[PDB]
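Inspection log for the structure reproduced underneath, given as structure tokens.
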Amino acid sequence: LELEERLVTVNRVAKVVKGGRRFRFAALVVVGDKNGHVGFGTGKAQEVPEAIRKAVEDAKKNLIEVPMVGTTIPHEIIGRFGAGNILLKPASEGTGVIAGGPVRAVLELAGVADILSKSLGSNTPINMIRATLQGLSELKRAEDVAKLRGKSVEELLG
Amino acid sequence: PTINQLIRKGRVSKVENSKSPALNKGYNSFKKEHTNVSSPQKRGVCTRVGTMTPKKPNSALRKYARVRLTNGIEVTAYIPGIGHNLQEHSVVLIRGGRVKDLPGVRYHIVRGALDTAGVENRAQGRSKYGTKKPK
Amino acid sequence: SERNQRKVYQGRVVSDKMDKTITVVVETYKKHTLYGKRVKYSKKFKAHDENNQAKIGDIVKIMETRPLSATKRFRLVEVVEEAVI
Amino acid sequence: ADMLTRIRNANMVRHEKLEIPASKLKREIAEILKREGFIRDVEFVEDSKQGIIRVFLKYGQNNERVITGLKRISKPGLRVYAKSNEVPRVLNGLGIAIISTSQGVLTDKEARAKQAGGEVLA
RNA sequence: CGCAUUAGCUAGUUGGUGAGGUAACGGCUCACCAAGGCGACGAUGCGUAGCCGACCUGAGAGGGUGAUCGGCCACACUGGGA
RNA sequence: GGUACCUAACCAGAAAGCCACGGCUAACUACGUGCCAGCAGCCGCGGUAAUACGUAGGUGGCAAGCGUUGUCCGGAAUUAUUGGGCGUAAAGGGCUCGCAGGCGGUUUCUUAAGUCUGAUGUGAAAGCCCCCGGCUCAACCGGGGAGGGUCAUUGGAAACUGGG
RNA sequence: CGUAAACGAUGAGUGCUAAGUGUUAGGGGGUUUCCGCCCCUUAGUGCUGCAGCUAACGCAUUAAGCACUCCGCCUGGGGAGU
RNA sequence: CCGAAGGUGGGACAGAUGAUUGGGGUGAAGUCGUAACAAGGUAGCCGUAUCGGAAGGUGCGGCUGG
RNA sequence: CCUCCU
Ligand SMILES: [Mg+2]
Ligand SMILES: [Mg+2]
Ligand SMILES: [Mg+2]
Ligand SMILES: [Mg+2]
Ligand SMILES: [Mg+2]
Ligand SMILES: [Mg+2]
Ligand SMILES: [Mg+2]
Ligand SMILES: [Mg+2]
Ligand SMILES: [Mg+2]
Ligand SMILES: [Mg+2]
Ligand SMILES: [Mg+2]
Ligand SMILES: [Mg+2]
């Protein structure tokens with residue numbers, strides 16, 4: 001796959017020793033196809049390349065795919081991780097990616113172009129948005145649900 | 001709360017307080033009553049002009065007026081601007097901004113209601129200190 | 001005669017002592033505006049019973065009339081149910 | 001009289017079957033659920049109690065269910081009565097709402113057609 | 001609409017009968033009878049307020065406002081009467 | 001009111017502005033001060049090299065104004081019905097007995113208040129808005145709709161809630 | 001008098017959702033004459049630990065899990081339990 | 001006859017103000033001690049009582065958030 | 001026992 005990477009944040013963190021404060025940088029990087037695949041990234045409290053390496057692993061480990069009915073997700077979903085709570089709500093065409101900051105990064109590199117998204121708790125909350133995008137894959141498009149249920153696609157939808 | 005509880009006792013909003021209470025009370029001479037009126041400025045008479053030390057971590061002599069307004073409430077208000085704008089016991093107009101350093105000073109004296117200076121030859125937005133633009 | 005009827009109500013007789021008169025209590029279940037629960041509302045009324053037939057428990061129907069006193073506004077059209085004790 | 005929690009709890013731990021005290025509407029819910037493909041059969045026994053037979057819902061006949069991740073929520077004692085017009089759809093399709101009617105249930109089309117929204121599930 | 005750090009209120013008060021008055025129904029007024037009526041679903045009291053079309057804001061639920069313009073109401077130096 | 005508008009010269013002459021430029025939010029350097037003088041929506045600047053102060057030269061928005069103060073809604077899923085909580089962050093009543101209230105197992109029959117549903121009447125005009133047209137488009141005016149009701153009246157349905 | 005860190009800092013009721021191991025008072029059933037051992041089981045009382053939950057610590061059939069009913073309480077710190 | 005205004009009276013309620021007085025808040029560099037945080041040098045804290053310039057001390061019961 | 005202010 002052909003990944004694009006986006007830098008969410010770089011916070012200087014610190015450990016204290018007898019000498020004083022010893023500083024490292026923890027980078028957080030989203031990576032994705034712009035076509036259904038996107039990765040978390042951690043940054044190993046050191047640099048951005050370290051973040052990219054872990055991001056590109058997490059794209060294929062965690063979000064095996066981001067389900068996409070057209071230019072939007074199949075259904076409305078609430079992604080929760082810890083005190084992360086994202087509402088991801090499917091939009092009409094030409095709506096845009098209406099989302100805040102770290103959430104936008106995920107949904108842009110996932111290739112989602114039309115979505116409404118409210119954050120209900122905030123602090124690099126990509127894990128929560130990741131859990132929802134996986135929760136869509138629990139009931140992606142309609143092929144699985146119909147196959148899971150024992151139905152047709154047009155039977156299920158209408 | 002249970003729905004039954006919410007019916008029995010509703011929700012109650014937080015009462016938000018104004019940051020400038022003195023500009024909210026009007027007055028009537030006849031009834032001798034404060035009235036609820038949303039004023040942007042209040043005229044007053046300076047009862048005391050002097051200086052005061054700011055709180056930590058700052059040090060200064062911050063020039064201020066104890067002012068007696070038209071509504072009859074006595075406030076403290078900051079004399080803004082570089083150079084001696086302190087003035088003496090005299091009529092003045094007041095504004096609604098706190099001086100973070102000075103505890104109790106919740107109002108500025110508006111520069112331009114009378115003889116003022118402020119910062120002369122201001123770089124931009126030359127309208128905050130009563131700085132009449134020269135030609 | 002093609003007459004449009006006045007607003008008609010039905011309820012239990014809570015008061016009766018007032019001669020030529022009753023209190024009919026139209027209990028009902030109005031939804032609370034915000035929370036949407038059916039709350040047990042009860043509107044008292046003041047209707048007229050000339051004969052003094054009605055008593056405690058009677059689920060009578062009453063119809064609007066001319067103001068038959070200060071408070072009275074209805075007549076006892078019929079005693080539908082006749083509760084006893 | 002909450003089969004939903006009984007289902008959720010067993011569904012969480014991937015149980016094969018569960019025995020839920022039978023009632024007419026709990027019977028009529030299990031069949032609505034069975035429309036997908038849960039329950040194979042039950043065992044009606046000599047009635048001592050009115051529900052001892054249970055519902056015997058068996059959604060996990062094999063090791064893993066093809067129909068897994070069953071989820072319900074909208075069941076409060078505060079009554080929620082749907083308009084035939086404004087019947088909701090769970091997840092915009094991919095989920096059903098057991099809308100109790102005088103004569104009908106299920107989809108949005110089965111509201112303006114059938115009528116009484118009544119109960120509303122998810 | 002707010003306040004229970006306002007819990008009891010009412011005595012033409014509540015109903016009757018009669019008489020009078022009113023364009024008009026009626027404790028509307030009075031006579032004579034009873035003893036009622038209201039209230040924890042908040043009476044009563046205190047505070048605040050003209051109400052509404054609307055207006056501002058908001059995804060919406062809601063929240064706030066009710067100058068200008070239209071409708072209903074009330075008032076016309078203060079108070080009473082025809 | 002010899003006022004709008006036209007012609008025609010003198011002719012683009014008469015018609016550019018204010019505010020902002022740490023970050024939020026796209027936008028820096030001299031000098032003079034030296035915890036002074038002053039600044040400040042928030043975090044915070046100044047104690048003798050101040051990209052946030054005094055001055056001096058320098059730049060993104062909207063467009064004769066824009067700064068400042070005041071009020072309201074938003075952001076604030078921050079009174080949470082939608083849509084929050086209570087072991088340790090604020091929050092379980094010290095514990096009972098209980099009146100009212102709230103809530104209530106299964107079947108069946110019947111009822112039909114709630115629930116649902118059809119039909120009919122009104123909810124002015126303006127405004128905002130659906131198609132939207134006209135006035136050169138507009139900063140504006142017309143018609144036909146729609147919303148508008150915990151609303152009547154009446155006829156059904158009867159699973160669920162309520163009554164027998 | 002009416003308060004305590006009156007504490008499990010955990011309201012009451014009901015159902016549902018792996019196991020393992022003590023212990024208190026019972027019950028049933030094994031081959032056995034009992035004792036004893038073993039199996040099962042009810043109601044307590046502890047410890048460990050699944051799933052799930054949690055900001056984390058931890059909770060975990062004696063839930064802080066999944067649900068429903070009802071009650072009590074919270075809404076930045078001070079000022080002030082004044 | 002009713003009757004506005006007025007008069008008289010004793011109460012109710014609300015605001016302003018008052019010698020003096022009470023704590024409270026705030027305030028770069030005041031005085032006294034050192035109560036708490038470590039076993040904080042007597043584990044701390046809760047209720048109550050009492051005593052003491054002041055933090056606090058001591059009794060009784062309770063809690064572990066020793 | 002105490003350890004000025006920024
Ligand atoms: Mg008024
Ligand atoms: Mg809000
Ligand atoms: Mg604490
Ligand atoms: Mg606490
Ligand atoms: Mg307790
Ligand atoms: Mg206590
Ligand atoms: Mg104890
Ligand atoms: Mg407690
Ligand atoms: Mg009890
Ligand atoms: Mg000490
Ligand atoms: Mg000690
Ligand atoms: Mg002593």
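Labels below follow one simple rule: chain letters A, B, ... track the order of the sequence lines, proteins then strands, and each chain is numbered from 1.
Considering every non-hydrogen atom in both B:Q87 and B:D115, the closest pair reads OE1-OD2, 3.0 Å. Taking all atoms of both residues into account, the shortest heavy-atom contact from C:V24 to C:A47 is CG2-CB, 4.4 Å.
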What does nucleotides 56-66 of chain G look like as a protein-contact string, B for base, S for sugar-phosphate only, - for none, at under 4.0 angstrom between heavy atoms? ---------BB

Letter by letter from the 5' end, nucleotides 9-15 of chain E scores (B base, S sugar-phosphate only, - none; protein heavy atoms under 4.0 Å) -----SS

Scan nucleotides 48-63 of chain F nucleotide by nucleotide, 5' to 3', and note B when protein non-hydrogen atoms come under 4.0 Å of the base, S if they reach only the sugar-phosphate, - if neither. ------SSS-------

Reading nucleotides 71-82 of chain G from 5' to 3' and marking B where a protein heavy atom lies under 4.0 Å of the base, S where only the sugar-phosphate is that close, and - otherwise, the string is BBBBBS------

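Put simply, the side chain of B:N58 and the base of F:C45 share a donor and an acceptor less than 3.5 Å apart. No donor-acceptor contact under 3.5 Å links the side chain of C:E81 to the base of F:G164. For B:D101 against F:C39, a side-chain-to-base donor-acceptor contact under 3.5 Å is present. Between the side chain of D:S100 and the base of F:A159, a donor-acceptor pair under 3.5 Å is found. Interface remark: the D:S84 side chain does not form any donor-acceptor pair with the F:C116 base, using a distance-only criterion of under 3.5 Å. A donor-acceptor contact under 3.5 Å links the side chain of D:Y81 to the base of F:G114.
The CG atom of A:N85 sits 11 Å away from the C1' atom of F:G84 (whole-angstrom rounding). Atom pair B:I7:CD1 and F:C103:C1' shows a separation of 13 Å (rounding to whole Å applied). At whole-Å resolution of the value, CD in B:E16 and P in E:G64 are 11 Å apart. The separation between C:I59 atom CD1 and F:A112 atom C1' is 15 Å, rounded to whole Å. Computed from coordinates, the D:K83 NZ to F:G118 P distance equals 9 Å when rounded to whole Å. Atoms CG (C:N4) and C1' (F:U122) sit 14 Å apart, rounded to a whole Å. We find that NZ of D:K114 is positioned 14 Å from P of F:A158, with the value rounded to whole Å. Between D:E31 atom CD and F:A159 atom P there is a gap of 14 Å when expressed in whole angstrom units.
Adjacent nucleotides H:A29 and H:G30 fail the stacking criterion: their six-membered base rings are not both under 5.5 Å apart at the centres and under 30° between the planes. Neighbours F:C116 and F:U117 form a stacked pair of bases, judged on six-membered rings within the 5.5 Å and 30° limits. With a 5.5 Å centre cut-off and a 30° plane cut-off, the bases of G:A63 and G:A64 come out unstacked. Using a cut-off of 5.5 Å between ring centres and 30° between planes, the six-membered base rings of F:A91 and F:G92 fail to qualify as stacked.
Residues satisfying the side-chain hydrogen bond (donor to acceptor under 3.5 Å, both in side chains) criterion with A:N127, sequence neighbours excluded, are absent altogether.
Classified by interplanar angle (parallel below 30°, tilted 30° to 60°, perpendicular above 60°), the ring pair C:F45/C:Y9 is parallel.
The listed nucleotides are F:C42, E:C38, F:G70; the one nearest the side chain of C:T23 is E:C38. Listed nucleotides: F:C35, F:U106, F:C103. Nearest to the side chain of C:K37: F:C103. Nearest to the side chain of B:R126, among F:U161, F:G70, F:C19, sits F:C19. Taking the side chain of A:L120 as heavy atoms from C-beta on, and the options F:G70, F:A77, F:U150, the nearest nucleotide is F:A77.
Counting non-hydrogen atoms under 4.0 angstrom, D:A82 reaches the backbone sugars and phosphates but no base. Within the nucleic acid shown, B:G96 comes within 4.0 Å of sugar-phosphate atoms alone, with no base atom in reach, counting heavy atoms only.
With respect to the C1'-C2'-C3'-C4' torsion, E:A4 shows a south sugar, the value lying on the negative side.
H:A49: Watson-Crick or G-U partner is H:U58, with both key distances under 3.5 Å. In this entry F:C6 has no Watson-Crick or G-U wobble partner, no candidate having both defining distances under 3.5 Å. Base pairing of F:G155: its partner is F:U117, meeting the Watson-Crick or G-U wobble criterion (both donor-acceptor distances under 3.5 Å).
Taking 4.0 Å as the cut-off between side-chain N and carboxylate O, B:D101 and B:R62 count as a salt-bridged pair.
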Show each protein N/O and nucleotides 4-6 of chain I N/O combination with a separation under 3.5 Å, one pair to a line.
| from | atom 1 | to | atom 2 | distance (Å) |
| --- | --- | --- | --- | --- |
| I:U6 | OP1 | B:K56 | NZ | 3.0 |

